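Take a look at the structure below.
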Amino acid sequence: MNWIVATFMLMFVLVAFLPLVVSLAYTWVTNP
Amino acid sequence: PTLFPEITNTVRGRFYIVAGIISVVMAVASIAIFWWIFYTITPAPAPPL
Amino acid sequence: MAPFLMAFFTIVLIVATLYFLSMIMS
Amino acid sequence: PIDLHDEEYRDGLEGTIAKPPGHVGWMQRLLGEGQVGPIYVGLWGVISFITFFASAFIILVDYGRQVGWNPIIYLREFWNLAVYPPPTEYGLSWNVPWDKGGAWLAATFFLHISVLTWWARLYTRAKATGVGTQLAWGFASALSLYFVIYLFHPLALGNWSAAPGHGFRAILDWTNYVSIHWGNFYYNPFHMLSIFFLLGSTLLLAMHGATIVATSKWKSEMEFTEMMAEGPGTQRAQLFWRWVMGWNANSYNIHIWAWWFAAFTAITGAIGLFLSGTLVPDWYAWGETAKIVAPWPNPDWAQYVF
Amino acid sequence: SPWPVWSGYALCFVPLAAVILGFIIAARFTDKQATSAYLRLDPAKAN
Amino acid sequence: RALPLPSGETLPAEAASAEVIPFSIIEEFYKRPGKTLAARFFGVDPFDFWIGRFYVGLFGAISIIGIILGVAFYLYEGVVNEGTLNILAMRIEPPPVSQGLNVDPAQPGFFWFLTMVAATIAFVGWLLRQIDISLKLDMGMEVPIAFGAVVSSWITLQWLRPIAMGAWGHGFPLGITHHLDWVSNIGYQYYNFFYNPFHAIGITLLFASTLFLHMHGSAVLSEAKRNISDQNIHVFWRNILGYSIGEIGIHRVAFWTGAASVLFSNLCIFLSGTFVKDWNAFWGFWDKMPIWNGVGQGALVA
Amino acid sequence: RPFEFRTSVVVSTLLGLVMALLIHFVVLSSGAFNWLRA
Amino acid sequence: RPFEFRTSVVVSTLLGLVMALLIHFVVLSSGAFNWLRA
Amino acid sequence: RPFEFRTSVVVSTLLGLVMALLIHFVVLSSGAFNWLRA
Amino acid sequence: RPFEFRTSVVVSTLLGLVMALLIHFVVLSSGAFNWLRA
Amino acid sequence: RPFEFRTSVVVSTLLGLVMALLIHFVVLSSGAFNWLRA
Amino acid sequence: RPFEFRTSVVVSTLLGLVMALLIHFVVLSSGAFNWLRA
Amino acid sequence: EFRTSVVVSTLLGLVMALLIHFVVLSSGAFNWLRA
Amino acid sequence: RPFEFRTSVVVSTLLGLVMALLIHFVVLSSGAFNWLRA
Amino acid sequence: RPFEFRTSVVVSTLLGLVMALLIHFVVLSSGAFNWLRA
Amino acid sequence: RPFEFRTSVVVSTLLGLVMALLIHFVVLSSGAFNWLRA
Amino acid sequence: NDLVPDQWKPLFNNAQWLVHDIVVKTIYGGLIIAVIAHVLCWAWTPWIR
Amino acid sequence: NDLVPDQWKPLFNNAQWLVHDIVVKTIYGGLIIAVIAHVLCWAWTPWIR
Amino acid sequence: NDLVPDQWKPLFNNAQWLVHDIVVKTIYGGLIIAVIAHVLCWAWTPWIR
Amino acid sequence: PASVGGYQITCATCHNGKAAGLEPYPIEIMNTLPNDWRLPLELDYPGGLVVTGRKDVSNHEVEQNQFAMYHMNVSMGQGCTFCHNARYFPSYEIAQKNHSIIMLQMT
Ligand code: BCL
Ligand code: BCL
Ligand code: BCL
Ligand code: BCL
Ligand code: BCL
Ligand code: BCL
Ligand code: BCL
Ligand SMILES: CC(C)=CCC/C(C)=C/C=C/C(C)=C/C=C/C(C)=C/C=C/C=C(C)/C=C/C=C(C)/C=C/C1=C(C)C(=O)CCC1(C)C
Ligand SMILES: CC(C)=CCC/C(C)=C/C=C/C(C)=C/C=C/C(C)=C/C=C/C=C(C)/C=C/C=C(C)/C=C/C1=C(C)C(=O)CCC1(C)C
Ligand SMILES: CC(C)=CCC/C(C)=C/C=C/C(C)=C/C=C/C(C)=C/C=C/C=C(C)/C=C/C=C(C)/C=C/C1=C(C)C(=O)CCC1(C)C
Ligand SMILES: [Fe+3]
């Protein structure tokens, strides 16, 4: 439980990153 | 008999169901099989002296 | 009985999936 | 009366260099402008550049002296190398050996000149290109904090050791040591004000950038035009913030908010740092007499122990 | 004895009062200006 | 006619398509009901009205439930249960780490759990309501993205890290001046959180956020009420620093730096709890990377 | 009309629900009743 | 319509589901019943 | 008219509710009454 | 025509999936069933 | 002209001032002279 | 007209109120008077 | 997009392979590289 | 105007003030002169 | 054209220089050869 | 022309200077020569 | 607004009057139930003591 | 709205009346089931004690 | 605004007057209840002592 | 106190299986400290590393204090709040700070 649950929560922190990354990729793709 | 003809009739939309299913099971199998391997090969933390 | 039940519920998941995907893939 | 081409493409001192402007390309795709453009060299940029170069050169060759002149130990310890101010003994004196704070005093003096002449450059180029001098005064607030850290708080404490040690790890160490020496900076109330203004700075920056990028389709980003007549993007921005939180700003007010939140960050920080050493030696002890410290009779310390 | 020190008060509470009050007043005037009538592009046309 | 401008300047009309329009007109033109997230999902937004200036959606009502209940639970735990009467000395503490992840109404720390759950409901409802209102105004989803960065910073501190640690007492107490005690004790437990690299990145982006905010407020205020060709600020920003990011670029960088600061920050506190116990010990590998192990003598060896 | 009837209904119903939840939680946490093992 | 039937249905159903979940979670966390090993 | 009647109603009602809650909380936390197991 | 059949299907299916996931996770975390470890 | 006289003057004067300060700083910190109680 | 009269009134009234509060709090915290329990 | 699925699958496979190799090597279970 | 007189005045005055402050600071901190009770 | 020749030249030359420096460092720090008093 | 001659000159000269400095510093710090009291 | 009494015609629509009647009757029923619940909880455990 | 009684014609559409009837009958069935569940849980373990 | 007395006609609409009457009567009832509650709480436990 | 335990110092306490070549301050525990740094046993320890609000010390003494405190962090892996309430370091809340005073006097 320690490492499985810990890594699932880690992946949620990185998921939180994800939206901003989508914003940057949006800017790049839509500015061609 | 469907309400999402653009999702269940068209090959591109019909394919999206299989794509989503396969991606969900691929991610779940990824995580589950990793943690299985890790917990079976990793030794138990050495018993306290 | 837990391994029995987990296998049972995964096969019910799979058979459900074959059934309704068969309908969608009709 | 202001030639925008002449201010960009004059030559020499009181002119620009790198005048054939390059294009970065990815900066144009991601940020919308990729021209590096010419950069001005105007007798204040020169003082700034050469005094900063003197400062950095002193610091770097003292890093070299500290690693026994070994350029690998240099690269390995570069981030924990630092040129520390003179120790507490002989604290304000400048007759300190070069290795024990002698290099720090010279480098810090040249850095002072560099930041002051950079302020002068900001001011003179704002006047030369026709814009207001708001950036020079914002830098002056930042410099108020800076000169408290390096000049005014070491003085009035009696020792140069109160100042940071010119290093990648030394500034973090300095912040730790100063909060530890004066109790707990969390109970420094002007530190709390400055954190209010810093986190409100980041909150307003994020909100402003996000609002303008969201209303970007209707050219909300052209603030100069929007301040003459508010277009549909600025209207949508105002309505978004009115419906979200019941009040809004226009194209002009929001930048007043921005400027003042950042300036207050710097100013309240300077005040709190100057107060910590000279007037209130202990912030937690002061916080108990101020009744702002929560009683903690029986803390659960299992959380904080491994 | 129940009373914080003069120092405590000055420092924490009148800056607390100033920040709260001043923020509220600045917001009041921010929105008076923002909701006043000035040159906008008519929405029916420009949009 | 005087022709009042958005800045507050009255310019005498000759010395554009603009007309002096009342805000009430702007506000009523842009109402457009029924575009919200709830109206896509259910076919209708249950609350599609405005209460005063505020838009009340489905997620606005959820958010206001969360707000009222969170404020009332906060003040119950700290006026009652603590008896303090002054908000600077009250101590809204989670259940003890002894209790683990389970919650008990009889045990202390129950009203912290309720305040945290209602505050999470309030914050997520605020985020979803921002999505509502951006959908109503045909805007981009950037404001919800930034607020989601900070809401995920809250989720990390009160949900993800306490769950991963497994004790629910690893959430920070909800006390003015006392959550600072938690921040200090967590910062020193994993000693030198300054050496935490995601923490250093977070501080770098916080300082850069305040710097960009000052520079942008300066730039827009400096060209505000002057006869300027809109290229004066660009020339100024190329004379200083030899680069002008442009109008759309400074707002993009604003949004991005703002969000990224707290994103790297929540990565820092989460790692600080679960994977790294000591942030000085973390950097033990650096002097042993094999490219500079061997070269040193005395204190100059490592 | 000073107050839309729908607005008053929403506000009153939400206030009543929030107050019922708050009072239930205060009474249950008080341990004064011996309800749900109190 | 101020009072659409669809709106009342959505609100009532969501309120009922939220309240059922809340009450289940309060009762399960209370440990007052011995349900699911309590 | 200096004040909309709706504004005065909202302000007075919210002030009264906030004050009732505050006074109830202060009186209950004082332990001066022996109400809800003192 | 109110209540499109498509809408009811989407809402019911999503509610059922969310509830199945929630109940599975609550039951697995309770350790009454011990994440199937037995 | 390729070189402006004002530029050379600024550069030379600033270099001379920086070098005078640096050399004074180095000589005073060396403690080799007994100047200002060394 | 160097100053609007309304501005001077606001500033003077706010300064007087702030100073009255500050002086009252300084005098009460000094414990020099025996006012409100010494 | 097929390119998106390819990128995601390839990156997941590489990350998985690295993770499993590192877990197996650190376990000291197999006699690999003097373990 | 290769050199503006105002520029030279500003630079010379600022240099003189900075140097006076620096020299005063250095002489005071040296403790070589017994100033203000050393 | 997939690759400008200048780009490939820059990348290859920088990679070669970085690798030469890295390998020299690694070999010198290993102390496995008596190079430079090792 | 793949490479401006000025660019190659700048890069080569800077690389040579950096490498000369690096090698001098490595050799002097090695203490392998007895140069400058090593 | 025909169904509304003319006293309350400035305030209540025709449909709002029926929903108001439902709300009033629900509030009254809830009040009776609340009074009964309070009397029962007092007979069980007085909270004022 | 012909299927709707005239008393509720200002409020209920023709289709909304049938869905309301379904909702009412579902609420009644759920109430009966909830009463049965509460009686069973009380006979099992009284929560008021 | 006919129902409003001419003294308060500059301030009160026709509908605002009825809602004001409701608010006034509610405030009066709440005041009577508050006085009764205070007398009861004083007879129970005097807080001034 | 007995709450610590009744553990007593013996041979293996300091030798840990090595007769000679005992190295206090190995390079493992000198990670971010200066390698030359040693515990300052010169000072009178019930108050030797005290730094808070002193006004006769500055960041140099705070740095020495922090070197000693991180040495204690490594020596007992429980980190910095093992014997401190980090909101006030001068406080003796945790009672491992008193044991540490006894141990500083002992070393
Ligand atoms: C075990 C005893 C516990 C307790 C545990 C619970 C639990 C557990 C629950 C309640 C719920 C309720 N309890 Mg209780 N309750 C207790 C003590 C009390 C006391 C009292 C003072 O003692 C009171 C007054 C109540 C009052 C109530 C009501 C709020 C509610 C039941 C009626 C209701 O409105 O919803 C009636 C419910 C319906 C009308 C919903 C009908 C839904 C239909 C039947 C569908 C059901 C879902 C179905 C499986 C989906 C199938 C779909 C497929 C596609 C076909 N409880 C004690 C402490 N109580 C229930 C509730 O719903 O909360 C809102 C519930 O969840
Ligand atoms: C005490 C002996 C110390 C030492 C301490 C110093 C100090 C101290 C200084 C030098 C400086 C210099 N030394 Mg030495 N120097 C030593 C050993 C050496 C040795 C040697 C191998 O031994 C050498 C070659 C040098 C070489 C030099 C030159 C680099 C320079 C002097 C000439 C020069 O170019 O500037 C000539 C200077 C001028 C042309 C400037 C003229 C400026 C005018 C006169 C204004 C002066 C300021 C005036 C007060 C302002 C008034 C303005 C009012 C408005 C009217 N030193 C020994 C170790 N050396 C001086 C220098 O300037 O460094 C650049 C200096 O500051
Ligand atoms: C706090 C500031 C208040 C205010 C408070 C007062 C007061 C109070 C008075 C006036 C009065 C005046 N004010 Mg006014 N006034 C305000 C705003 C304004 C503004 C504005 C810009 O709009 C203006 C233009 C004015 C203008 C004026 C004139 C109409 C008038 C005559 C002043 C004069 O001749 O001074 C000349 C006189 C002096 C400057 C004397 C200076 C006094 C010094 C301080 C010595 C005082 C000795 C002290 C009493 C003894 C102390 C002993 C202790 C008891 C131990 N006021 C603001 C709002 N104003 C005066 C008035 O109208 O008379 C009926 C007066 O009484
Ligand atoms: C107990 C003695 C304490 C002390 C405690 C206080 C306190 C406490 C106060 C002062 C205040 C003042 N003291 Mg002192 N003071 C002391 C020693 C001194 C000494 C001296 C050298 O010894 C001096 C010169 C002063 C000087 C002063 C003045 C600054 C001021 C009184 C006149 C003034 O300008 O405001 C005159 C005030 C007015 C003109 C305001 C008029 C406001 C009107 C009357 C409304 C009042 C509020 C009212 C209740 C609101 C009702 C509204 C309803 C809607 C109807 N103090 C000693 C140490 N001092 C008073 C002050 O106001 O500070 C600004 C004050 O608060
Ligand atoms: C006590 C002896 C200390 C020492 C302490 C100081 C101090 C202290 C100072 C100097 C300063 C200087 N010293 Mg010394 N100095 C020492 C040893 C030396 C030695 C030597 C090798 O021994 C030398 C060459 C110097 C050389 C110098 C020059 C750099 C300078 C004096 C002339 C100058 O240019 O400015 C001439 C100054 C002027 C032309 C400024 C004129 C300004 C006018 C008069 C206004 C003055 C301010 C006035 C109060 C403002 C009033 C305004 C009101 C509105 C009316 N010092 C010893 C160690 N030295 C002085 C200096 O200014 O540094 C730049 C100074 O501050
Ligand atoms: C002492 C033996 C050490 C060792 C130490 C080194 C060192 C030291 C180096 C290498 C480098 C290399 N080693 Mg080895 N190497 C060892 C064991 C191995 C083993 C093996 C399994 O055992 C292998 C396969 C290799 C493989 C290699 C290649 C990666 C490379 C040499 C060819 C190459 O591509 O660059 C060929 C290089 C060139 C084509 C560059 C040509 C550059 C021209 C000639 C300019 C040279 C600079 C010149 C002075 C500048 C003058 C400019 C003036 C303006 C005129 N090494 C052992 C452990 N190895 C060399 C390398 O370059 O790494 C990239 C190097 O630096
Ligand atoms: C003491 C012996 C030390 C050592 C110490 C040094 C030192 C010290 C240096 C080198 C440098 C070099 N060494 Mg070695 N070197 C050693 C062992 C080796 C070994 C070997 C395997 O053993 C090898 C292959 C090398 C290889 C090399 C080359 C990389 C280089 C010399 C040629 C070159 O390209 O630059 C040729 C250099 C030039 C073409 C530059 C010409 C510049 C002109 C002449 C100007 C010179 C500056 C002048 C003073 C400025 C005057 C300007 C005025 C205005 C007039 N060294 C041993 C360990 N080595 C030299 C180097 O430059 O590194 C890049 C250098 O600095
Ligand atoms: C210890 C603690 C914490 C105690 C807490 C004490 C408190 C405060 C308790 C609070 C209780 C409250 C307020 C409970 C609330 C109960 C409600 C509102 C239930 C709603 C039922 C709504 C129901 C069943 C709705 C059913 C909806 C149905 C059947 C919808 C059906 C449907 C509709 C209409 C369609 O589209 C088409 C057909 C379809 C079937 C899909
Ligand atoms: C220990 C310490 C610190 C002690 C502190 C001591 C202090 C300082 C105490 C301060 C007390 C104060 C200031 C109390 C305030 C009491 C108030 C304002 C009560 C308001 C009642 C508002 C009321 C009744 C409002 C009623 C509103 C109603 C009835 C709404 C009516 C309606 C409106 C408007 C509609 O459209 C339609 C619906 C309906 C008709 C119901
Ligand atoms: C722990 C350990 C030991 C790990 C190690 C194990 C591994 C992974 C080793 C890795 C080995 C690798 C990857 C080696 C790679 C070597 C390369 C890329 C060399 C590049 C040469 C590039 C060269 C020579 C480029 C030369 C460029 C030249 C001559 C430029 C010429 C010129 C250019 C371009 C001009 O404008 C004009 C003409 C001019 C001649 C001036
Ligand atoms: Fe802007």
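First the proteins, then the strands, lettered A, B, ... as listed; each starts at 1. Every heavy atom of this structure was used, including side-chain atoms; hydrogens, water molecules and symmetry mates were not.
Of the atoms belonging to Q28(D), not a single heavy atom falls under 4.5 Å from chain F. Only the side chain of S216(D) has a heavy atom closer than 4.5 Å to any heavy atom of chain F. Only the side chain of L199(D) comes within less than 4.5 Å of a heavy atom of chain F; its backbone N, CA, C and O stay farther away. Residue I195(D) does not touch chain F at all, counting heavy-atom pairs closer than 4.5 Å. Looking at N253(D), neither its backbone nor its side chain comes within 4.5 Å of chain F, counting heavy atoms on both sides. For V24(D), no part lies under 4.5 angstrom from a heavy atom of chain F. Interface residue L122(D): backbone and side-chain heavy atoms are both found under 4.5 Å from chain F.
The shortest heavy-atom contact between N185(F) and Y304(D) is CB-CE2, 3.4 Å. Closest of all the heavy-atom pairs between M139(F) and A214(D) is CE-CB, 3.7 Å.
A distance of 4.0 Å separates CZ of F23(F) from CG of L239(D), quoted to the nearest 0.5 Å. The distance from the CE atom of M227(D) to the NZ atom of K225(F) is 10.0 Å, given to the nearest 0.5 Å. The CE atom of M207(D) sits 9.5 Å away from atom CG of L213(F), with the distance rounded to the nearest 0.5 Å. The CH2 atom of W79(D) sits 7.0 Å away from the CH2 atom of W286(F) when rounded to the nearest 0.5 Å. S244(F) contributes atom OG, which lies 8.5 Å from atom CD of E8(D) (distance to the nearest 0.5 angstrom).
Residues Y190(F) and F306(D) bring their aromatic ring centres within 6.0 Å. With ring centers used as reference points, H216(F) lies 6.0 Å or more from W259(D).
Highest contact tally toward chain D, considering only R32(F), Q297(F), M289(F), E9(F), is held by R32(F) [criterion: heavy-atom pairs under 4.5 Å]. For the options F261(D), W218(D), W118(D), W257(D), heavy-atom pairs under 4.5 Å to chain F are most numerous at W218(D). Heavy-atom pairs under 4.5 Å with chain F peak, among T234(D), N184(D), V213(D), at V213(D).
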Q: Go through the steps to decide whether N232(F) and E7(D) satisfy the test side chain to side chain contact (heavy atoms under 4.5 Å, CB included), and finish with yes or no.
A: CA-CA 10 Å; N232(F) 289 66; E7(D) 299 310 314; over 6 Å; no
**Q.** CA sep, side-chain torsions, deciding dist, call: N239(F), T16(D), side chain to side chain contact (heavy atoms under 4.5 Å, CB included)
**A.** CA-CA 7 Å; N239(F) 282 184; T16(D) 62; 3.9 Å; yes
Q | Derivation of the side chain to side chain donor-acceptor pair (under 3.5 Å) call for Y187(D) and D181(F) | A | CA-CA 10 Å; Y187(D) 291 100; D181(F) 303 349; 2.3 Å; yes
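No side-chain donor-acceptor contact under 3.5 Å links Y195(F) and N80(D). Side-chain contact check for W292(F) and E77(D): no donor-acceptor pair (N or O, by modelled atom type) lies under 3.5 Å. Of the N and O atoms on the side chains of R238(F) and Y40(D), not one donor lies less than 3.5 Å from an acceptor on the other residue.
Ring-plane geometry between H251(F) and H208(D) is classed as tilted, the angle between the planes lying from 30 to 60 degrees on a 0 to 90 degree scale.
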